[PDB]
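Undergrad: What follows is a structure written as structure tokens; I'll ask about it next.
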Amino acid sequence: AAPX
Amino acid sequence: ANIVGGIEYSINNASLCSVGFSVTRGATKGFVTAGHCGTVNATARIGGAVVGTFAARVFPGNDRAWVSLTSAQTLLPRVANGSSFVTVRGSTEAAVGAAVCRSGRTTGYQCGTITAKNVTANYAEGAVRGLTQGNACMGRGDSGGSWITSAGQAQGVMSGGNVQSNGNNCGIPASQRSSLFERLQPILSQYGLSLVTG
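These protein sequence lines map, in sequence, to chains A and B. Under our numbering, read the first sequence as residues 2 to 5, first letter to last. Under our numbering, read the second sequence as residues 55 to 252, first letter to last.
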């Protein structure tokens, strides 16, 4: 998961 | 500028995010967005013009912020949908299984359904807990943007999820998408903000  | 959910803004002339929702606090105008979009006092621009600065944020743990605006900004109870909009009516939270849409400057307006609550995202910067998951796609630049039902109930602001090597999760099936939002009501409650409705 990664921030957008 | 017209403050509308889903539209682009830049932070320090260096990164791009999406507006969540127009809010007020007494005489101060604002918009809510995600916490990773900026630190306190970073400068927000829309259309190349300074609109305000980050007032407060929590990230990681949570992933929330608000931007306090100059008085010249025009607050609208709206979330961008292509060349139209959805009116923001309220903030009643939708159930798992319910249809929901999101709006942001990379992927535009996307719809899908709510597929989990209370999800932790293990971002490199830190875990962010309590997020709601939907299967609408999203990509980098969408963060901060509105999640809202077609009936105009504002749900939250985009946090992140399983972006692929191309920067989005639009190129995988909806059953594999984890598109995560920070719930709106706890943001309004921590900061004492009122959602602008029509």
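Think of the CB as a built atom: it goes at the ideal place given N, C-alpha and C, for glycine as much as any other residue.
What residues are listed by DSSP as bridge partners for B:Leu123?
TA: As a working note, residue 123 of chain B is residue 69 in the second sequence. DSSP output for B:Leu123 lists B:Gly106 as bridge partner(s).
Undergrad: Is it the case that the Cβ atoms of B:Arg194 and B:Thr160 are separated by a distance below 8 Å?
TA: Counted from its first residue, the second sequence places residue 194 of chain B at position 140. Counted from its first residue, the second sequence places residue 160 of chain B at position 106. Contact: yes.
Undergrad: List in chain order: all unbroken beta strand (DSSP E) runs of 3+ residues lying wholly within the stretch 167 to 235 of chain B.
TA: 180 to 188, 200 to 202, 208 to 215
Undergrad: Please confirm whether B:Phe108 and B:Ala119 have their CB atoms less than 8 Å apart.
TA: As a position in the second sequence, residue 108 of chain B is number 54, starting the count at 1. As a position in the second sequence, residue 119 of chain B is number 65, starting the count at 1. Yes, Cβ-Cβ distance for B:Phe108 and B:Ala119 is below 8 Å.
Undergrad: Specify the secondary structure class of B:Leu242 as computed by DSSP and reduced to three states.
TA: Numbered from its first residue, the second sequence carries residue 242 of chain B at position 188. The answer is helix: DSSP assigns B:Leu242 an H, G or I state.
Undergrad: List, in chain order, every chain A residue whose beta-carbon is nearer than 9 Å to that of B:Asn216.
TA: Within the second sequence, numbered from 1, the residue matching residue 216 of chain B stands at position 162. Correct list: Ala2, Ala3.
Undergrad: Identify each residue in the stretch 160 to 177 of chain B for which the Cβ-Cβ distance to at least one residue of chain A is less than 8 Å, and report them in chain order.
TA: Across the stretch 160 to 177 of chain B, CB contacts with chain A closer than 8 Å involve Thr160, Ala175, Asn176, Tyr177, in sequence order along the chain.
Undergrad: Within 8 Å (strictly less), CB to CB, does B:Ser229 reach chain A?
TA: Locating residue 229 of chain B in the second sequence gives position 175, where the first residue counts as 1. No - not a single Cβ of chain A is within 8 Å of the one on B:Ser229.
Undergrad: Tell me whether A:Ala2 is buried or exposed, calling it buried when 16 or more other Cβ atoms sit within 10 Å of its Cβ.
TA: Translated into positions along the first sequence, residue 2 of chain A becomes position 1. Looking at its Cβ environment, which holds 16 or more other Cβ atoms inside 10 Å, A:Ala2 is buried.
Undergrad: Does the distance from the C-beta atom of B:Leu123 to that of B:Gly84 stay below 8 Å?
TA: On the second sequence, position 69 is the one that residue 123 of chain B refers to. On the second sequence, position 30 is the one that residue 84 of chain B refers to. The answer is yes: Cβ separation under 8 Å.
Undergrad: Tell me which residues share the same chain as B:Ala170 and place their Cβ nearer than 8 Å to its Cβ, disregarding the 5 neighbours each side in the sequence.
TA: Here residue 170 of chain B is taken as the residue at index 116 of the second sequence, counted from 1. The residues are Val150, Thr186, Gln187.
Undergrad: Give me the Cα-Cα distance between B:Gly199 and B:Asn66, rounded to the nearest whole angstrom.
TA: As a position in the second sequence, residue 199 of chain B is number 145, starting the count at 1. As a position in the second sequence, residue 66 of chain B is number 12, starting the count at 1. Taking the straight line joining both Cα atoms gives about 18 Å.
Undergrad: If I measure Cβ to Cβ from B:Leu129 and keep anything under 6 Å in the same chain, skipping five residues before and after, which residues do I get?
TA: Counting from 1 along the second sequence, the entry for residue 129 of chain B is found at position 75. Around B:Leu129: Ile57, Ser76, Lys83, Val250.
Undergrad: Since residue 328 of chain B and B:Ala208 should fall inside the 8 Å C-beta cutoff, what is the C-beta to C-beta distance between them, to a whole number of angstroms?
TA: It is not possible to answer for residue 328 of chain B, since the shown part of chain B is limited to 55 through 252.
Undergrad: Going by the DSSP bridge assignment, what does B:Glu62 pair with across the sheet?
TA: Stepping through the second sequence from its first residue, residue 62 of chain B is reached at position 8. B:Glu62 is bridged to B:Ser72.
Undergrad: Hey, B:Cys191 and B:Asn172: beta-carbon distance below 8 Å or not?
TA: Numbered from its first residue, the second sequence carries residue 191 of chain B at position 137. Numbered from its first residue, the second sequence carries residue 172 of chain B at position 118. Their beta carbons are not under 8 Å apart, which means B:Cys191 does not touch B:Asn172 by this criterion.
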